[PDB]
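The next block is my_file_24.cif, given as mmCIF, C-alpha atoms.
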```
data_entry
loop_
_atom_site.label_atom_id
_atom_site.label_comp_id
_atom_site.auth_asym_id
_atom_site.auth_seq_id
_atom_site.Cartn_x
_atom_site.Cartn_y
_atom_site.Cartn_z
CA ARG I 401 -2.98 1.87 -7.53
CA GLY I 402 -4.17 -1.54 -8.62
CA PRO I 403 -2.70 -4.28 -10.78
CA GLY I 404 -3.79 -4.89 -14.41
CA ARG I 405 -4.55 -8.29 -15.94
CA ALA I 406 -3.04 -6.90 -19.19
CA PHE I 407 -5.40 -9.30 -21.04
CA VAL I 408 -3.20 -12.26 -20.13
CA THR I 409 -5.77 -14.95 -19.29
CA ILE I 410 -5.53 -18.38 -17.62
CA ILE T 301 -14.97 -25.98 -2.41
CA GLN T 302 -17.14 -25.61 0.67
CA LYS T 303 -16.00 -24.09 4.00
CA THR T 304 -18.07 -23.57 7.17
CA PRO T 305 -18.69 -20.06 8.49
CA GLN T 306 -17.28 -19.36 11.94
CA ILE T 307 -19.49 -16.88 13.83
CA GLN T 308 -18.79 -14.40 16.59
CA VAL T 309 -21.51 -12.13 18.05
CA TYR T 310 -20.28 -9.28 20.22
CA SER T 311 -20.68 -5.63 21.11
CA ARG T 312 -18.17 -3.00 19.92
CA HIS T 313 -17.79 -1.58 23.49
CA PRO T 314 -17.94 -3.27 26.91
CA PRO T 315 -21.67 -3.74 27.49
CA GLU T 316 -23.52 -1.52 29.93
CA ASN T 317 -27.30 -1.73 30.45
CA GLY T 318 -28.76 1.72 29.68
CA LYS T 319 -25.72 2.76 27.57
CA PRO T 320 -26.01 2.74 23.72
CA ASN T 321 -23.76 0.39 21.74
CA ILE T 322 -23.06 -1.49 18.52
CA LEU T 323 -23.74 -5.23 18.19
CA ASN T 324 -21.56 -7.14 15.74
CA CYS T 325 -21.99 -10.42 13.96
CA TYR T 326 -18.58 -11.25 12.49
CA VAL T 327 -18.64 -14.22 10.08
CA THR T 328 -15.46 -15.71 8.67
CA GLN T 329 -13.62 -18.65 7.13
CA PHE T 330 -16.38 -19.35 4.63
CA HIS T 331 -16.81 -20.56 1.07
CA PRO T 332 -18.60 -20.10 -1.12
CA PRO T 333 -19.08 -16.37 -0.89
CA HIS T 334 -22.91 -16.47 -0.96
CA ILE T 335 -24.15 -16.17 2.65
CA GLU T 336 -27.31 -14.89 4.32
CA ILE T 337 -27.04 -12.98 7.59
CA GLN T 338 -29.80 -11.77 9.89
CA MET T 339 -29.56 -10.04 13.28
CA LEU T 340 -32.41 -10.80 15.60
CA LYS T 341 -33.87 -9.09 18.62
CA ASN T 342 -36.18 -11.11 20.86
CA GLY T 343 -36.60 -13.45 17.85
CA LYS T 344 -37.72 -10.59 15.60
CA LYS T 345 -35.51 -9.59 12.70
CA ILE T 346 -33.69 -6.26 13.25
CA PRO T 347 -34.42 -3.84 10.42
CA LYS T 348 -31.45 -1.50 10.23
CA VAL T 349 -28.52 -3.88 9.89
CA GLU T 350 -25.37 -2.81 8.11
CA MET T 351 -23.09 -5.19 6.25
CA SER T 352 -19.42 -4.60 5.50
CA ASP T 353 -15.91 -5.91 4.88
CA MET T 354 -17.16 -8.09 1.98
CA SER T 355 -13.76 -9.63 1.09
CA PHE T 356 -11.41 -12.49 1.84
CA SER T 357 -8.07 -13.38 3.36
CA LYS T 358 -4.63 -14.74 2.60
CA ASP T 359 -5.96 -18.31 2.93
CA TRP T 360 -8.70 -17.37 0.41
CA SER T 361 -11.63 -17.85 2.80
CA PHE T 362 -14.27 -15.13 2.94
CA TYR T 363 -15.66 -13.04 5.77
CA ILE T 364 -18.12 -10.28 6.57
CA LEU T 365 -19.12 -7.93 9.44
CA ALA T 366 -22.86 -7.25 9.97
CA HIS T 367 -23.80 -4.72 12.69
CA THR T 368 -26.64 -2.73 14.19
CA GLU T 369 -27.22 -0.16 16.94
CA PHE T 370 -28.56 -1.27 20.32
CA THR T 371 -28.93 -0.68 24.04
CA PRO T 372 -28.08 -3.71 26.14
CA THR T 373 -30.75 -4.47 28.73
CA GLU T 374 -31.44 -7.17 31.32
CA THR T 375 -34.41 -8.65 29.41
CA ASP T 376 -33.63 -8.34 25.73
CA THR T 377 -32.11 -11.24 23.82
CA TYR T 378 -30.00 -10.85 20.79
CA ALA T 379 -28.75 -13.32 18.22
CA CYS T 380 -27.28 -13.70 14.73
CA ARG T 381 -28.58 -16.15 12.10
CA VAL T 382 -26.29 -17.38 9.34
CA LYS T 383 -27.53 -19.21 6.26
CA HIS T 384 -24.78 -20.83 4.18
CA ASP T 385 -24.64 -23.86 1.73
CA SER T 386 -21.94 -25.65 3.73
CA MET T 387 -24.65 -26.47 6.35
CA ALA T 388 -28.09 -28.06 6.24
CA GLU T 389 -29.81 -25.51 8.48
CA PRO T 390 -28.95 -21.92 9.36
CA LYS T 391 -27.02 -21.40 12.56
CA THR T 392 -28.35 -19.03 15.21
CA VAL T 393 -25.71 -17.77 17.69
CA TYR T 394 -27.00 -15.84 20.76
CA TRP T 395 -25.03 -12.92 22.15
CA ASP T 396 -23.05 -13.92 25.29
CA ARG T 397 -21.74 -10.68 26.76
CA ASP T 398 -18.85 -11.86 28.90
CA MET T 399 -17.66 -14.62 26.68
CA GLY V 1 8.33 -1.85 10.49
CA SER V 2 6.67 -2.90 7.22
CA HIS V 3 3.51 -1.88 5.32
CA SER V 4 1.51 -3.05 2.37
CA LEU V 5 -0.81 -2.20 -0.50
CA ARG V 6 -2.91 -5.30 -1.34
CA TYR V 7 -5.69 -5.81 -3.90
CA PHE V 8 -8.33 -8.49 -3.35
CA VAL V 9 -10.28 -9.36 -6.49
CA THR V 10 -13.23 -11.74 -6.81
CA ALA V 11 -15.12 -13.15 -9.84
CA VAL V 12 -18.05 -15.48 -9.25
CA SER V 13 -19.89 -17.09 -12.16
CA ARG V 14 -23.68 -17.27 -11.99
CA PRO V 15 -25.18 -19.24 -14.91
CA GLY V 16 -28.66 -18.94 -13.36
CA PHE V 17 -28.35 -15.23 -12.55
CA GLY V 18 -26.38 -13.71 -15.51
CA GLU V 19 -22.78 -12.59 -16.22
CA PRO V 20 -20.19 -12.88 -13.43
CA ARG V 21 -20.24 -10.67 -10.42
CA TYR V 22 -16.83 -9.00 -10.31
CA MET V 23 -15.29 -6.99 -7.45
CA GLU V 24 -12.02 -5.30 -6.54
CA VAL V 25 -11.06 -4.32 -3.00
CA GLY V 26 -7.93 -2.25 -2.17
CA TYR V 27 -6.18 -2.19 1.24
CA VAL V 28 -3.32 -0.39 2.98
CA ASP V 29 -2.51 -2.62 5.98
CA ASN V 30 -5.82 -3.62 7.71
CA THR V 31 -7.58 -0.62 6.16
CA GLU V 32 -9.85 -0.90 3.15
CA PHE V 33 -9.66 2.29 1.04
CA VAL V 34 -11.16 1.41 -2.44
CA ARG V 35 -13.88 -0.84 -3.86
CA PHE V 36 -15.26 -1.83 -7.26
CA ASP V 37 -18.59 -3.68 -7.63
CA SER V 38 -20.04 -5.12 -10.84
CA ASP V 39 -23.60 -5.11 -9.52
CA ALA V 40 -23.58 -1.47 -8.40
CA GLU V 41 -25.94 1.17 -9.87
CA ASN V 42 -23.00 2.49 -11.97
CA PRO V 43 -19.88 0.42 -11.39
CA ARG V 44 -16.81 2.53 -10.68
CA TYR V 45 -13.86 2.60 -8.29
CA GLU V 46 -15.03 4.22 -5.05
CA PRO V 47 -13.30 5.64 -1.94
CA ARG V 48 -13.70 3.65 1.29
CA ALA V 49 -11.33 5.75 3.38
CA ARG V 50 -11.30 9.56 3.47
CA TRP V 51 -7.56 9.92 2.86
CA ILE V 52 -8.02 8.55 -0.71
CA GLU V 53 -10.79 11.11 -1.34
CA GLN V 54 -7.91 13.59 -2.10
CA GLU V 55 -7.40 12.00 -5.55
CA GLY V 56 -8.31 13.68 -8.82
CA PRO V 57 -10.85 12.64 -11.47
CA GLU V 58 -8.16 10.94 -13.55
CA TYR V 59 -7.57 8.59 -10.62
CA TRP V 60 -11.19 7.37 -10.40
CA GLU V 61 -11.58 6.93 -14.16
CA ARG V 62 -8.18 5.23 -14.63
CA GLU V 63 -8.95 2.68 -11.92
CA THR V 64 -12.50 2.19 -13.22
CA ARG V 65 -10.93 1.53 -16.68
CA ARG V 66 -8.44 -0.91 -15.14
CA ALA V 67 -11.28 -2.59 -13.22
CA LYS V 68 -13.40 -2.78 -16.39
CA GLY V 69 -10.42 -4.19 -18.28
CA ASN V 70 -9.83 -6.77 -15.57
CA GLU V 71 -13.42 -8.06 -15.40
CA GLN V 72 -13.33 -9.00 -19.13
CA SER V 73 -10.25 -11.13 -18.56
CA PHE V 74 -11.95 -12.81 -15.56
CA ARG V 75 -15.07 -13.71 -17.54
CA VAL V 76 -12.74 -15.41 -20.04
CA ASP V 77 -10.71 -17.00 -17.25
CA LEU V 78 -13.81 -18.42 -15.63
CA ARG V 79 -14.84 -20.22 -18.88
CA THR V 80 -11.29 -21.46 -19.55
CA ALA V 81 -11.21 -23.04 -16.06
CA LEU V 82 -14.50 -24.80 -16.88
CA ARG V 83 -12.76 -26.52 -19.81
CA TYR V 84 -9.66 -27.28 -17.72
CA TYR V 85 -11.60 -29.15 -14.99
CA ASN V 86 -14.30 -30.71 -17.18
CA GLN V 87 -17.18 -29.17 -15.23
CA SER V 88 -20.79 -28.38 -16.05
CA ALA V 89 -21.83 -24.85 -16.91
CA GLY V 90 -24.69 -24.57 -14.41
CA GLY V 91 -22.54 -24.46 -11.26
CA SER V 92 -21.52 -21.16 -9.72
CA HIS V 93 -17.72 -21.05 -9.53
CA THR V 94 -15.14 -18.61 -8.23
CA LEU V 95 -11.81 -17.10 -9.23
CA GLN V 96 -9.98 -14.95 -6.67
CA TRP V 97 -6.79 -12.94 -7.20
CA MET V 98 -4.62 -11.22 -4.53
CA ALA V 99 -1.86 -8.88 -5.74
CA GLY V 100 0.38 -6.44 -3.95
CA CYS V 101 3.48 -5.39 -2.12
CA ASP V 102 4.87 -5.44 1.40
CA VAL V 103 7.67 -2.83 1.76
CA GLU V 104 10.10 -2.56 4.67
CA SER V 105 10.97 0.51 6.74
CA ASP V 106 13.98 1.37 4.60
CA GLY V 107 11.53 1.82 1.70
CA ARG V 108 12.80 -1.28 -0.08
CA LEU V 109 10.47 -4.03 -1.21
CA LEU V 110 10.10 -6.76 1.39
CA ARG V 111 7.84 -8.94 -0.78
CA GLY V 112 5.75 -8.85 -3.98
CA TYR V 113 2.49 -10.76 -4.38
CA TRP V 114 0.43 -12.06 -7.33
CA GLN V 115 -1.60 -15.24 -6.88
CA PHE V 116 -4.95 -16.82 -7.74
CA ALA V 117 -7.23 -19.50 -6.37
CA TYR V 118 -10.12 -21.20 -8.18
CA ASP V 119 -13.15 -22.25 -6.11
CA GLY V 120 -11.21 -21.40 -2.91
CA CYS V 121 -8.15 -23.57 -3.64
CA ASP V 122 -4.72 -22.37 -4.71
CA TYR V 123 -4.30 -22.21 -8.47
CA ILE V 124 -1.14 -20.37 -9.50
CA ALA V 125 1.27 -18.10 -7.66
CA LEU V 126 4.16 -15.84 -8.59
CA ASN V 127 7.00 -17.19 -6.43
CA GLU V 128 8.82 -14.71 -4.13
CA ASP V 129 11.58 -14.60 -6.78
CA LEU V 130 9.05 -12.79 -9.00
CA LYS V 131 10.11 -14.73 -12.05
CA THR V 132 8.71 -18.27 -11.88
CA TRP V 133 5.23 -19.63 -11.07
CA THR V 134 4.03 -22.42 -8.78
CA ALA V 135 0.91 -24.48 -9.52
CA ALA V 136 -0.70 -27.48 -7.85
CA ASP V 137 -2.75 -29.60 -10.26
CA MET V 138 -2.08 -30.20 -13.97
CA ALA V 139 -4.55 -27.59 -15.17
CA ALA V 140 -2.63 -24.63 -13.78
CA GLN V 141 0.60 -26.02 -15.23
CA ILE V 142 -1.26 -25.37 -18.49
CA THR V 143 -1.60 -21.79 -17.17
CA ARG V 144 2.01 -21.84 -15.97
CA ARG V 145 3.15 -23.09 -19.39
CA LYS V 146 0.94 -20.54 -21.18
CA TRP V 147 2.08 -17.54 -19.08
CA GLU V 148 5.72 -18.65 -18.76
CA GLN V 149 6.00 -18.70 -22.56
CA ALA V 150 4.53 -15.17 -22.79
CA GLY V 151 6.82 -13.39 -20.29
CA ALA V 152 4.00 -12.50 -17.89
CA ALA V 153 6.19 -12.20 -14.76
CA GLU V 154 8.25 -9.25 -16.10
CA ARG V 155 5.27 -6.89 -16.37
CA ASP V 156 3.79 -8.28 -13.13
CA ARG V 157 7.13 -7.99 -11.38
CA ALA V 158 7.43 -4.42 -12.75
CA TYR V 159 4.15 -3.42 -11.06
CA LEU V 160 5.07 -5.11 -7.76
CA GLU V 161 8.53 -3.44 -7.74
CA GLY V 162 7.55 -0.09 -9.24
CA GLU V 163 4.05 1.44 -9.06
CA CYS V 164 2.84 -0.57 -6.07
CA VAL V 165 5.72 0.82 -3.95
CA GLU V 166 5.32 4.44 -5.03
CA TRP V 167 1.55 4.38 -4.63
CA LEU V 168 1.90 2.71 -1.22
CA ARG V 169 4.57 5.30 -0.44
CA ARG V 170 2.12 8.05 -1.42
CA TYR V 171 -0.82 6.42 0.39
CA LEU V 172 1.23 5.87 3.58
CA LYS V 173 2.37 9.50 3.66
CA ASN V 174 -1.14 10.82 2.86
CA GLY V 175 -3.00 8.61 5.40
CA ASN V 176 -0.55 9.13 8.23
CA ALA V 177 -3.20 10.28 10.76
CA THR V 178 -4.93 6.88 10.62
CA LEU V 179 -2.59 4.46 8.85
CA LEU V 180 0.09 5.87 11.03
CA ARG V 181 -1.34 5.30 14.46
CA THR V 182 -0.63 2.45 16.91
CA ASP V 183 -3.33 1.83 19.48
CA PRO V 184 -2.21 -0.52 22.24
CA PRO V 185 -4.69 -3.12 23.48
CA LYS V 186 -6.45 -2.51 26.80
CA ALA V 187 -6.15 -5.92 28.54
CA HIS V 188 -7.79 -7.63 31.51
CA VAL V 189 -8.56 -11.10 32.83
CA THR V 190 -11.99 -12.40 33.80
CA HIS V 191 -12.73 -15.32 36.17
CA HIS V 192 -15.38 -17.97 35.31
CA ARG V 193 -16.30 -20.53 37.97
CA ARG V 194 -17.13 -23.65 35.94
CA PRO V 195 -19.78 -26.18 37.04
CA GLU V 196 -17.10 -28.90 37.03
CA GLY V 197 -15.40 -27.25 40.05
CA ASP V 198 -12.67 -25.53 38.04
CA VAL V 199 -12.10 -21.99 36.75
CA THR V 200 -11.89 -20.51 33.28
CA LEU V 201 -9.52 -17.55 33.15
CA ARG V 202 -10.19 -15.31 30.16
CA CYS V 203 -7.55 -12.91 28.87
CA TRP V 204 -8.91 -9.96 26.91
CA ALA V 205 -7.34 -7.46 24.55
CA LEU V 206 -9.53 -4.56 23.27
CA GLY V 207 -9.05 -1.28 21.27
CA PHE V 208 -5.90 -2.28 19.43
CA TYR V 209 -4.52 -1.35 16.09
CA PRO V 210 -3.09 -2.70 14.03
CA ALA V 211 -4.79 -6.06 14.22
CA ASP V 212 -1.51 -7.94 14.83
CA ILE V 213 -1.26 -9.20 18.43
CA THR V 214 -0.08 -12.23 20.46
CA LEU V 215 -1.82 -13.55 23.59
CA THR V 216 -0.38 -16.46 25.63
CA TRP V 217 -0.99 -18.19 28.96
CA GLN V 218 1.78 -19.42 31.29
CA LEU V 219 2.42 -21.61 34.33
CA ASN V 220 5.62 -20.78 36.27
CA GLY V 221 7.29 -19.95 32.97
CA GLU V 222 5.55 -22.62 30.89
CA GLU V 223 3.70 -22.07 27.60
CA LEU V 224 0.45 -24.03 27.97
CA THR V 225 -0.99 -24.34 24.47
CA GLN V 226 -2.75 -27.61 25.36
CA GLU V 227 -5.03 -25.85 27.85
CA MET V 228 -5.55 -22.66 25.76
CA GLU V 229 -8.58 -21.62 23.72
CA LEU V 230 -8.26 -18.37 21.76
CA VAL V 231 -10.65 -16.61 19.39
CA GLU V 232 -9.97 -15.25 15.97
CA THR V 233 -9.07 -11.51 16.16
CA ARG V 234 -12.18 -9.53 15.21
CA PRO V 235 -13.10 -5.94 14.43
CA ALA V 236 -15.00 -3.70 16.85
CA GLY V 237 -16.13 -1.90 13.69
CA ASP V 238 -14.51 1.43 14.57
CA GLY V 239 -11.00 0.80 13.25
CA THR V 240 -9.87 -1.04 16.37
CA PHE V 241 -9.70 -4.79 17.07
CA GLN V 242 -10.42 -7.38 19.76
CA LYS V 243 -9.20 -10.78 20.87
CA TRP V 244 -9.30 -13.10 23.83
CA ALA V 245 -7.59 -16.28 25.06
CA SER V 246 -8.72 -18.69 27.78
CA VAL V 247 -7.34 -21.35 30.05
CA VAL V 248 -9.09 -23.81 32.41
CA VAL V 249 -7.31 -23.76 35.75
CA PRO V 250 -7.81 -25.77 38.94
CA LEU V 251 -9.61 -23.55 41.48
CA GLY V 252 -7.11 -22.19 43.98
CA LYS V 253 -4.13 -22.28 41.59
CA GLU V 254 -5.12 -19.14 39.64
CA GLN V 255 -2.31 -16.99 41.08
CA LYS V 256 0.17 -19.15 39.10
CA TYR V 257 -1.24 -18.48 35.59
CA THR V 258 -0.23 -15.50 33.48
CA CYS V 259 -1.44 -13.88 30.28
CA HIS V 260 1.25 -12.29 28.10
CA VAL V 261 0.28 -9.59 25.60
CA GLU V 262 2.56 -8.63 22.73
CA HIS V 263 1.58 -5.69 20.50
CA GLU V 264 3.47 -3.07 18.51
CA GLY V 265 1.64 -0.32 20.42
CA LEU V 266 2.97 -1.70 23.71
CA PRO V 267 6.29 -0.34 25.00
CA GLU V 268 6.93 -3.68 26.73
CA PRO V 269 4.83 -6.86 26.56
CA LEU V 270 2.15 -7.00 29.25
CA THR V 271 1.87 -9.80 31.80
CA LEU V 272 -1.48 -10.16 33.59
CA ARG V 273 -2.69 -12.31 36.48
CA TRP V 274 -6.20 -12.57 37.91
#
```
Just dump the structure as structure tokens.
Amino acid sequence: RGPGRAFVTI
Amino acid sequence: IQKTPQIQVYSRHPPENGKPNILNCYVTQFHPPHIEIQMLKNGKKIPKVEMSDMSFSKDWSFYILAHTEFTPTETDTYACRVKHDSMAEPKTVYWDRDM
Amino acid sequence: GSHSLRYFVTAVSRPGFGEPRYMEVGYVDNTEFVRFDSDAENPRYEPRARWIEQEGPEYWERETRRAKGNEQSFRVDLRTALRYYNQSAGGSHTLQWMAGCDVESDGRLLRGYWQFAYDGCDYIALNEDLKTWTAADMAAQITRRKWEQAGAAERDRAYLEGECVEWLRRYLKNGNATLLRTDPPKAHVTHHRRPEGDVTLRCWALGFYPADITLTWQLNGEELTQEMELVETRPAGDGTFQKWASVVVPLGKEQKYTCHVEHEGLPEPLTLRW
């Protein structure tokens, strides 16, 4: 199962 | 930024004239990801050529495996042509069976 | 031994071709098993190994959602990086992300991963402590500052320690007839009479899995790295791998050189002579 960015951008 | 594609051309099984096989053109250590690969038979472009493993590694460089079906022979010549922005002209690498 | 569930994600801007091409690739050891492609006919998470084909509908829609969620963040990220480096908006650029977990044999977590690179160079990485970051410019310290303030590592470190492990645990146990297999290398040495009057001894290793292997040449118990050319391990395309290593030896002194082959599939390391 993959990882989520969780809408936390750079 | 820009990294040069290393190329290996080789058969999946030990080559035997007469006996069917798979020819590989394995291209690695490159950047950017855009790359153009062609597998050539007697200078003519081979039509059914499969591309796979479109990804990258720990060090971030990219790689890819192109392959096609073939029967080694004593007169046929095979090669792989790679077009990539890190180099002026495309690089053609001929198959050397007992490398 | 140890195993791993790694995700390789790529986002490449294309000002002259449209929105960014976005892809996700999942792996269990050296075995790809899932793929997501922006440019497909109907982007969705797809099976790349038959052992994952035993997953329900919920699994393919959840991952597709997660991939779709992720791509939006990457589009943003790309543009933010543009600002950070003061670059034009015509140049194709790249953002890669590698996230995952290596677990030991006891089931415990050996190591957790979560890093990014921008245009092929390191950008920001979740240290092995899984609490603090590590950047290498002054643009990703902006990202370090930003994320450090927000408490990003906790959630990230919860996925690396929790879900990654269980899913790997499930994948490992469900792909045991492939994932769990060790094919030893078949090895042999070839002899190449060089025009210069000397010989090139080539040590081959074929049909091995996993891809991890060590090949060395020796001279009366002497590691000769000076004299040794080796190629990058490559795939045969059937699940197995190949590699070779060569040494130029004076003609007539061949007897004295030895190729050592170390692989997990080998009971004892092999030693070959021509």
**Study point:** Long-range neighbours of segment 256-260 of chain V as number ranges by chain, 12 Å cut-off, only C-alpha atoms, 4 positions minimum in chain
**Key:** V: 185, 187-191, 199-205, 213-225, 227-228, 230, 244-252, 266, 268-274
Exercise for review: Apply the PyMOL selection byres ((chain T) within 8 of (chain V)) to the displayed file and report the matching residues as a ChimeraX atom specification.
Suggested key: /T:301,311-313,324,326,331-332,355-356,358,360-361,365
Practice item. Residues of chain I no more than 6 Å from chain V, counting all atoms listed in the file: send them over as a ChimeraX atom specification. Key: /I:401,405,407,409-410
Exercise for review: Name the residues in contact with segment 333-336 of chain T at a cut-off of 6 Å, using all atoms listed in the file, excluding same-chain residues fewer than 3 positions from it; report them as an MDAnalysis selection string.
Suggested key: chainID T and resid 382:384
Exercise for review: Between atom CA of residue 350 of chain T and atom CA of residue 186 of chain V, measure the distance and give it in Å to one decimal.
Suggested key: 26.6 Å
Answer key for the PyMOL selection byres ((chain T and resi 366-375) around 8), residues as a PDB file with C-alpha atoms, keeping the file's coordinate frame:
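The result, written out as expr09.pdb:
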```pdb
ATOM      1  CA  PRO T 315     -21.670  -3.740  27.490  1.00  0.00           C
ATOM      2  CA  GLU T 316     -23.520  -1.520  29.930  1.00  0.00           C
ATOM      3  CA  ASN T 317     -27.300  -1.730  30.450  1.00  0.00           C
ATOM      4  CA  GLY T 318     -28.760   1.720  29.680  1.00  0.00           C
ATOM      5  CA  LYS T 319     -25.720   2.760  27.570  1.00  0.00           C
ATOM      6  CA  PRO T 320     -26.010   2.740  23.720  1.00  0.00           C
ATOM      7  CA  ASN T 321     -23.760   0.390  21.740  1.00  0.00           C
ATOM      8  CA  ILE T 322     -23.060  -1.490  18.520  1.00  0.00           C
ATOM      9  CA  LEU T 323     -23.740  -5.230  18.190  1.00  0.00           C
ATOM     10  CA  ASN T 324     -21.560  -7.140  15.740  1.00  0.00           C
ATOM     11  CA  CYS T 325     -21.990 -10.420  13.960  1.00  0.00           C
ATOM     12  CA  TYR T 326     -18.580 -11.250  12.490  1.00  0.00           C
ATOM     13  CA  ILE T 337     -27.040 -12.980   7.590  1.00  0.00           C
ATOM     14  CA  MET T 339     -29.560 -10.040  13.280  1.00  0.00           C
ATOM     15  CA  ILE T 346     -33.690  -6.260  13.250  1.00  0.00           C
ATOM     16  CA  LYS T 348     -31.450  -1.500  10.230  1.00  0.00           C
ATOM     17  CA  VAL T 349     -28.520  -3.880   9.890  1.00  0.00           C
ATOM     18  CA  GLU T 350     -25.370  -2.810   8.110  1.00  0.00           C
ATOM     19  CA  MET T 351     -23.090  -5.190   6.250  1.00  0.00           C
ATOM     20  CA  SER T 352     -19.420  -4.600   5.500  1.00  0.00           C
ATOM     21  CA  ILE T 364     -18.120 -10.280   6.570  1.00  0.00           C
ATOM     22  CA  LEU T 365     -19.120  -7.930   9.440  1.00  0.00           C
ATOM     23  CA  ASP T 376     -33.630  -8.340  25.730  1.00  0.00           C
ATOM     24  CA  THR T 377     -32.110 -11.240  23.820  1.00  0.00           C
TER      25      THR T 377
END
```
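Across the structure, atom CA of residue 329 of chain T and atom CA of residue 308 of chain T are spaced 11.6 Å apart.
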Point to revise | Who sits within 7 Å of residue 392 of chain T, all atoms listed in the file, same chain under 6 positions skipped, as a VMD selection string | key: chain T and resid 379 to 382
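Our summary of the geometry notes that atom CA of residue 64 of chain V is positioned 14.7 Å from atom CA of residue 52 of chain V.
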Exercise for review: Skip segment 38-49 of chain V itself and residues of its chain fewer than 5 positions away, then list as an NGL selection string all residues within 6 Å of it, counting only C-alpha atoms.
Suggested key: :V and (21-22 or 33 or 60 or 64)
Filled-in N, CA and C atoms of chain I, supplied as a short mmCIF file (atom, residue, chain, number, x, y, z; two decimals), in the coordinates of the input:
```cif
data_model
loop_
_atom_site.label_atom_id
_atom_site.label_comp_id
_atom_site.auth_asym_id
_atom_site.auth_seq_id
_atom_site.Cartn_x
_atom_site.Cartn_y
_atom_site.Cartn_z
N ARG I 401 -2.59 2.14 -6.12
CA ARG I 401 -2.98 1.87 -7.53
C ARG I 401 -2.99 0.38 -7.84
N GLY I 402 -4.08 -0.10 -8.45
CA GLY I 402 -4.17 -1.54 -8.62
C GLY I 402 -3.42 -2.18 -9.75
N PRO I 403 -3.38 -3.50 -9.76
CA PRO I 403 -2.70 -4.28 -10.78
C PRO I 403 -3.60 -4.50 -12.03
N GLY I 404 -3.00 -4.68 -13.20
CA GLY I 404 -3.79 -4.89 -14.41
C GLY I 404 -3.62 -6.31 -14.91
N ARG I 405 -4.70 -6.94 -15.38
CA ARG I 405 -4.55 -8.29 -15.94
C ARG I 405 -3.77 -8.28 -17.27
N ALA I 406 -3.73 -7.13 -17.92
CA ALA I 406 -3.04 -6.90 -19.19
C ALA I 406 -3.53 -7.79 -20.36
N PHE I 407 -4.71 -8.36 -20.17
CA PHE I 407 -5.40 -9.30 -21.04
C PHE I 407 -4.65 -10.61 -21.20
N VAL I 408 -3.94 -11.00 -20.15
CA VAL I 408 -3.20 -12.26 -20.13
C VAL I 408 -4.09 -13.20 -19.31
N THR I 409 -4.84 -14.07 -19.98
CA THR I 409 -5.77 -14.95 -19.29
C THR I 409 -5.20 -16.29 -18.80
N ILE I 410 -6.03 -17.12 -18.18
CA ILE I 410 -5.53 -18.38 -17.62
C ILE I 410 -5.40 -19.51 -18.63
#
```
